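Quick look at structure.txt (compact mmCIF, C-alpha atoms):
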```txt
# COMPACT_ATOMS: atom_id res chain seq x y z
CA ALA A 1 0.00 0.00 0.00
CA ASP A 2 1.33 3.46 -1.02
CA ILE A 3 0.09 6.82 -2.41
CA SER A 4 0.55 7.44 -6.19
CA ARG A 5 0.55 10.87 -7.96
CA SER A 6 -2.83 9.86 -9.54
CA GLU A 7 -4.17 8.99 -6.05
CA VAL A 8 -3.37 12.56 -4.86
CA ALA A 9 -5.55 13.95 -7.74
CA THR A 10 -6.13 17.77 -7.79
CA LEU A 11 -4.28 18.46 -4.54
CA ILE A 12 -1.33 19.03 -6.97
CA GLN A 13 -2.20 22.14 -9.03
CA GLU A 14 -0.85 22.59 -12.59
CA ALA A 15 0.92 25.96 -13.05
CA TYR A 16 0.86 28.61 -15.82
CA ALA A 17 3.59 30.88 -17.29
CA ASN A 18 3.50 33.59 -20.01
CA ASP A 19 7.23 33.37 -21.02
CA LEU A 20 6.55 32.00 -24.55
CA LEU A 21 3.40 34.17 -25.14
CA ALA A 22 4.89 37.53 -26.18
CA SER A 23 5.89 38.09 -29.83
CA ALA A 24 7.31 41.33 -31.28
CA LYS A 25 4.91 43.16 -33.65
CA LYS A 26 6.15 44.30 -37.09
CA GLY A 27 5.30 47.64 -38.77
CA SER A 28 4.72 48.41 -42.46
CA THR A 29 7.89 48.35 -44.59
CA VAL A 30 6.58 51.13 -46.83
CA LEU A 31 6.08 53.55 -43.89
CA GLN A 32 9.77 53.00 -42.98
CA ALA A 33 11.13 53.12 -46.54
CA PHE A 34 9.29 56.07 -48.20
CA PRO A 35 8.56 59.75 -47.36
CA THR A 36 5.01 60.10 -45.98
CA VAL A 37 2.51 63.01 -46.25
CA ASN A 38 -0.17 63.98 -43.73
CA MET A 39 -3.43 64.22 -45.70
CA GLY A 40 -6.29 66.50 -44.48
CA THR A 41 -8.90 65.27 -47.02
CA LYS A 42 -9.56 62.15 -49.18
CA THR A 43 -7.75 63.34 -52.34
CA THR A 44 -4.54 65.26 -53.11
CA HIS A 45 -3.31 66.26 -56.61
CA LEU A 46 0.41 66.15 -57.43
CA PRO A 47 1.36 67.51 -60.89
CA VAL A 48 4.31 65.88 -62.74
CA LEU A 49 6.04 66.80 -66.00
CA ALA A 50 4.75 64.36 -68.66
CA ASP B 1 23.89 6.57 5.98
CA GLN B 2 20.95 4.36 7.15
CA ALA B 3 19.13 3.44 3.89
CA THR B 4 19.13 0.21 1.88
CA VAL B 5 20.43 0.64 -1.70
CA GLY B 6 20.39 -2.35 -4.05
CA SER B 7 21.00 -5.06 -1.39
CA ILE B 8 23.49 -3.04 0.76
CA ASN B 9 22.01 -2.42 4.22
CA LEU B 10 23.97 0.80 4.40
CA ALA B 11 24.41 1.37 8.19
CA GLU B 12 25.17 -2.23 9.26
CA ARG B 13 27.72 -2.52 6.42
CA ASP B 14 29.45 0.63 7.77
CA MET B 15 28.83 2.33 4.37
CA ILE B 16 27.37 5.61 3.14
CA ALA B 17 25.99 6.73 -0.22
CA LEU B 18 25.41 10.00 -2.05
CA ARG B 19 21.99 10.22 -3.70
CA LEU B 20 22.18 12.84 -6.44
CA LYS B 21 19.08 13.99 -8.31
CA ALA B 22 17.63 16.91 -10.23
CA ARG B 23 14.27 17.28 -11.94
CA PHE B 24 14.08 18.97 -15.33
CA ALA B 25 11.63 19.92 -18.10
CA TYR B 26 12.01 21.34 -21.64
CA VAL B 27 9.65 23.29 -23.96
CA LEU B 28 9.94 24.60 -27.54
CA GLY B 29 7.89 27.72 -28.51
CA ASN B 30 7.09 26.63 -32.12
CA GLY B 31 3.96 28.85 -32.56
CA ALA B 32 3.01 31.49 -35.12
CA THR B 33 5.22 34.55 -35.84
CA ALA B 34 4.50 37.86 -37.67
CA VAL B 35 5.26 35.90 -40.92
CA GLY B 36 2.79 33.01 -40.38
CA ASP B 37 1.85 29.81 -38.48
CA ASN B 38 3.49 26.44 -37.49
CA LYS B 39 7.06 27.91 -37.45
CA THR B 40 10.04 26.01 -35.88
CA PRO B 41 12.79 28.18 -34.25
CA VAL B 42 15.53 25.54 -34.93
CA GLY B 43 17.65 24.57 -37.95
CA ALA B 44 20.20 21.72 -38.04
CA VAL B 45 23.44 20.88 -39.88
CA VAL B 46 24.02 17.15 -40.50
CA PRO B 47 26.58 14.75 -42.09
CA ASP B 48 25.61 12.78 -45.22
CA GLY B 49 24.18 9.20 -45.01
CA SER B 50 26.23 5.95 -45.22
CA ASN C 1 34.67 31.23 -51.29
CA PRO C 2 31.75 33.44 -50.04
CA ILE C 3 32.95 36.72 -51.64
CA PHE C 4 29.95 38.89 -50.51
CA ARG C 5 29.74 38.34 -46.67
CA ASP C 6 30.94 41.94 -46.08
CA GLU C 7 28.90 43.41 -49.01
CA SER C 8 26.88 46.51 -48.10
CA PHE C 9 24.84 48.32 -50.74
CA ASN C 10 26.05 51.59 -52.29
CA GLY C 11 24.53 54.10 -49.82
CA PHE C 12 21.12 52.39 -50.25
CA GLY C 13 18.64 52.31 -47.39
CA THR C 14 17.86 48.58 -46.96
CA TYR C 15 14.40 47.57 -45.70
CA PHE C 16 13.51 43.93 -44.95
CA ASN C 17 9.82 42.94 -44.94
CA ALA C 18 8.94 41.18 -41.63
CA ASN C 19 5.07 41.40 -41.92
CA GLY C 20 4.79 38.24 -44.03
CA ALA C 21 3.62 40.68 -46.75
CA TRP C 22 6.44 39.48 -49.07
CA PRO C 23 5.13 36.46 -51.11
CA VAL C 24 7.16 33.29 -51.91
CA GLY C 25 8.70 32.80 -55.38
CA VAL C 26 7.54 36.16 -56.93
CA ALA C 27 10.41 38.64 -56.32
CA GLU C 28 13.71 38.65 -54.36
CA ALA C 29 14.22 42.45 -54.21
CA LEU C 30 13.11 45.87 -55.56
CA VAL C 31 15.37 48.89 -56.19
CA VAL C 32 13.67 52.31 -56.20
CA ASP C 33 14.29 56.08 -56.10
CA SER C 34 12.38 56.68 -52.86
CA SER C 35 11.97 60.41 -53.66
CA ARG C 36 9.48 59.38 -56.44
CA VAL C 37 7.06 57.69 -53.99
CA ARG C 38 4.71 59.15 -51.38
CA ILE C 39 2.73 57.20 -48.83
CA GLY C 40 -0.12 59.48 -47.80
CA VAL C 41 -1.29 58.67 -44.22
CA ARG C 42 -4.79 60.09 -43.93
CA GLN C 43 -5.40 58.20 -40.69
CA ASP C 44 -3.09 56.10 -38.46
CA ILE C 45 -4.09 52.76 -36.76
CA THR C 46 -7.18 53.57 -34.65
CA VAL C 47 -9.07 51.31 -32.19
CA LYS C 48 -12.82 51.45 -31.32
CA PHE C 49 -14.10 49.20 -28.53
CA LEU C 50 -17.56 47.76 -29.46
CA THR D 1 -2.99 32.18 -35.83
CA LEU D 2 -3.25 35.85 -36.98
CA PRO D 3 -6.26 38.05 -37.99
CA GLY D 4 -6.52 39.54 -41.53
CA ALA D 5 -7.64 43.08 -42.49
CA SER D 6 -9.27 44.19 -45.78
CA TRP D 7 -9.82 47.31 -47.88
CA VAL D 8 -13.41 48.69 -47.62
CA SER D 9 -15.42 51.29 -49.57
CA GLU D 10 -17.80 53.98 -48.26
CA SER D 11 -21.36 52.64 -48.60
CA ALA D 12 -24.48 52.47 -46.41
CA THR D 13 -26.07 49.74 -48.62
CA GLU D 14 -23.40 47.74 -50.55
CA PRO D 15 -21.42 44.68 -49.23
CA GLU D 16 -18.11 46.38 -50.15
CA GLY D 17 -18.80 48.98 -47.38
CA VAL D 18 -18.92 46.39 -44.51
CA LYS D 19 -15.81 45.97 -42.27
CA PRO D 20 -14.91 42.21 -42.15
CA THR D 21 -14.75 40.05 -39.00
CA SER D 22 -11.61 37.94 -38.23
CA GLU D 23 -10.03 35.94 -35.35
CA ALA D 24 -6.66 35.36 -33.73
CA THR D 25 -6.00 32.01 -31.94
CA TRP D 26 -3.54 30.56 -29.37
CA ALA D 27 -2.41 27.05 -28.37
CA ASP D 28 -0.59 25.34 -25.44
CA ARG D 29 3.10 24.21 -25.29
CA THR D 30 4.01 22.55 -21.95
CA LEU D 31 6.72 21.90 -19.33
CA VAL D 32 6.57 18.49 -17.53
CA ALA D 33 9.15 17.82 -14.80
CA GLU D 34 11.05 14.51 -14.94
CA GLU D 35 13.62 13.08 -12.54
CA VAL D 36 17.25 12.12 -13.31
CA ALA D 37 19.37 10.60 -10.56
CA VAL D 38 22.22 8.32 -9.37
CA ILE D 39 23.13 6.57 -6.08
CA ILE D 40 26.91 6.34 -5.41
CA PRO D 41 27.69 3.98 -2.45
CA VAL D 42 31.10 3.88 -0.64
CA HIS D 43 32.61 2.52 2.62
CA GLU D 44 32.97 5.10 5.45
CA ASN D 45 36.55 3.94 6.14
CA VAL D 46 37.51 4.42 2.43
CA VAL D 47 36.17 8.02 2.57
CA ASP D 48 38.20 8.67 5.76
CA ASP D 49 41.41 7.05 4.36
CA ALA D 50 41.39 8.90 0.99
CA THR E 1 -10.02 6.25 0.48
CA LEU E 2 -9.17 6.24 4.22
CA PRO E 3 -5.99 4.69 5.75
CA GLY E 4 -6.16 1.72 8.18
CA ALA E 5 -4.29 1.36 11.52
CA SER E 6 -3.39 -1.51 13.93
CA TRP E 7 -2.38 -2.38 17.47
CA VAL E 8 1.41 -3.05 17.51
CA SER E 9 3.29 -5.13 20.10
CA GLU E 10 6.83 -4.36 21.12
CA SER E 11 8.73 -7.05 19.21
CA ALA E 12 12.12 -7.46 17.49
CA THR E 13 11.03 -10.69 15.67
CA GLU E 14 7.26 -11.42 15.64
CA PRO E 15 4.82 -10.31 12.85
CA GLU E 16 2.67 -8.49 15.44
CA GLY E 17 5.78 -6.38 16.01
CA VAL E 18 5.67 -4.67 12.60
CA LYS E 19 3.78 -1.41 12.02
CA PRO E 20 1.28 -1.51 9.16
CA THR E 21 1.46 0.42 5.80
CA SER E 22 -1.73 1.98 4.32
CA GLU E 23 -2.72 4.54 1.65
CA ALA E 24 -5.17 7.41 1.58
CA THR E 25 -6.55 8.54 -1.83
CA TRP E 26 -8.46 11.44 -3.41
CA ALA E 27 -10.58 12.10 -6.50
CA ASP E 28 -11.44 15.25 -8.46
CA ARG E 29 -14.76 17.19 -8.63
CA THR E 30 -15.17 20.44 -10.69
CA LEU E 31 -17.07 23.71 -10.32
CA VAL E 32 -17.77 24.89 -13.92
CA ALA E 33 -19.24 28.41 -14.08
CA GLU E 34 -22.24 28.82 -16.41
CA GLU E 35 -24.09 32.00 -17.42
CA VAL E 36 -27.76 32.72 -16.59
CA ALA E 37 -29.25 35.93 -17.93
CA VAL E 38 -32.26 38.03 -19.00
CA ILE E 39 -32.78 41.24 -21.04
CA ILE E 40 -35.63 43.62 -20.12
CA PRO E 41 -36.22 46.39 -22.72
CA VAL E 42 -38.23 49.52 -21.76
CA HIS E 43 -38.89 52.93 -23.36
CA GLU E 44 -36.43 55.56 -22.07
CA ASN E 45 -39.31 58.08 -21.73
CA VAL E 46 -40.87 55.67 -19.18
CA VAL E 47 -37.61 55.36 -17.19
CA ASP E 48 -37.25 59.19 -17.23
CA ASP E 49 -40.90 59.75 -16.16
CA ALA E 50 -40.86 57.08 -13.43
```
In structure tokens, what does this structure look like?
Amino acid sequence: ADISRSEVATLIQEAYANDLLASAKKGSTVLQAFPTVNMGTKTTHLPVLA
Amino acid sequence: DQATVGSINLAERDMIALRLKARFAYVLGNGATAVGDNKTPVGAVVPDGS
Amino acid sequence: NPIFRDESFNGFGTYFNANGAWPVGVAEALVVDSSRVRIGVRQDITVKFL
Amino acid sequence: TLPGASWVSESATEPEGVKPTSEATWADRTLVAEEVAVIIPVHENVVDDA
Amino acid sequence: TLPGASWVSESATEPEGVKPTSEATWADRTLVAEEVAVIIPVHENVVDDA
């Protein structure tokens, strides 16, 4: 006669840890690479020589 | 210094023993990344077959 | 011999896509005059709790 | 698993004006402790003589 | 499961001399939290008049 881990049941609580949870978020490439403009309205016109 | 190990009754034999132990676990965080799902964080370099 | 390990591009800004936006087997790189692009940012990432 | 955005038009009546629903998802990876050990028996007189 | 016990005689040699070995054991039961709810709609003129 002896006491097994299964015979102790839920007197032994399983633990939790968030170590693996976090992942670094990545931004748009095009917002890093190119000059941006702050728009005040839906549409902006930019003339070019053609 | 009093135990029985194998068949050595440790005290009456005038012996001692060192019991060494550790308990260990291992986990691999092979989740999703910003690129996509089911990604393994490990690559291996191996010799060619016989 | 790996002749390019210390290669760095000729005053180019180098931007590596980490979003998983870059598809597989379509293109390896793009070279551009970044002064000829604008990214207009009418609104930045905005969160509404519903 | 990751959510996915979409481009949407301005409409009060057309399907193209509806913001789409999407989900993230998570899974479990686990640590389980396991025991590694040795017993090293010796005579008490041998330990004193050494 | 509950452990048993015995009367033990003082004895270097007889079986009555030995002390008995017994287990205790446990089992699991769970509280699982479930939602119970109602919605009661009313005209806001009525709740402002009342």
Could you superimpose chain E onto chain D using all C-alpha atoms, paired one by one in order, and tell me the resulting RMSD in Å?
->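 Once chain E is fitted onto chain D, the C-alpha RMSD works out to 1.7 Å.
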At a cut-off of 9 Å, list the chain A residues touching chain B, using all atoms listed in the file, as a PDB file with C-alpha atoms, in the frame of the given file.
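And here's out.pdb as it stands now:
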```
ATOM      1  CA  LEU A  20       6.550  32.000 -24.550  1.00  0.00           C
ATOM      2  CA  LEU A  21       3.400  34.170 -25.140  1.00  0.00           C
ATOM      3  CA  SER A  23       5.890  38.090 -29.830  1.00  0.00           C
ATOM      4  CA  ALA A  24       7.310  41.330 -31.280  1.00  0.00           C
ATOM      5  CA  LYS A  25       4.910  43.160 -33.650  1.00  0.00           C
ATOM      6  CA  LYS A  26       6.150  44.300 -37.090  1.00  0.00           C
TER       7      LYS A  26
END
```
Using only C-alpha atoms, which of C:14, C:8, C:34, C:19 sits nearest chain B?
->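 Between C:14, C:8, C:34, C:19, the residue approaching chain B most closely is C:19.
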Please identify every residue of chain E that has at least one atom no more than 7 Å from any atom of chain A, counting only C-alpha atoms, and report them as a JSON list (two decimals) with C-alpha atoms, in the coordinates of the input.
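That gives us iface.json:
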```
[["chain", "number", "residue", "atom", "x", "y", "z"],
["E", 21, "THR", "CA", 1.46, 0.42, 5.80],
["E", 22, "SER", "CA", -1.73, 1.98, 4.32],
["E", 23, "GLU", "CA", -2.72, 4.54, 1.65],
["E", 24, "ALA", "CA", -5.17, 7.41, 1.58],
["E", 25, "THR", "CA", -6.55, 8.54, -1.83],
["E", 26, "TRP", "CA", -8.46, 11.44, -3.41],
["E", 27, "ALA", "CA", -10.58, 12.10, -6.50],
["E", 28, "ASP", "CA", -11.44, 15.25, -8.46]]
```
Residue A:45 surroundings by only C-alpha atoms, 12 Å radius, close-in-sequence under 3 positions cut, as a ChimeraX atom specification | /A:39,41-42,48 /C:38,40
What is the atom CA of residue A:37-atom CA of residue C:42 distance in Å, reported with one decimal?
->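 Going from atom CA of residue A:37 over to atom CA of residue C:42, I get 8.2 Å.
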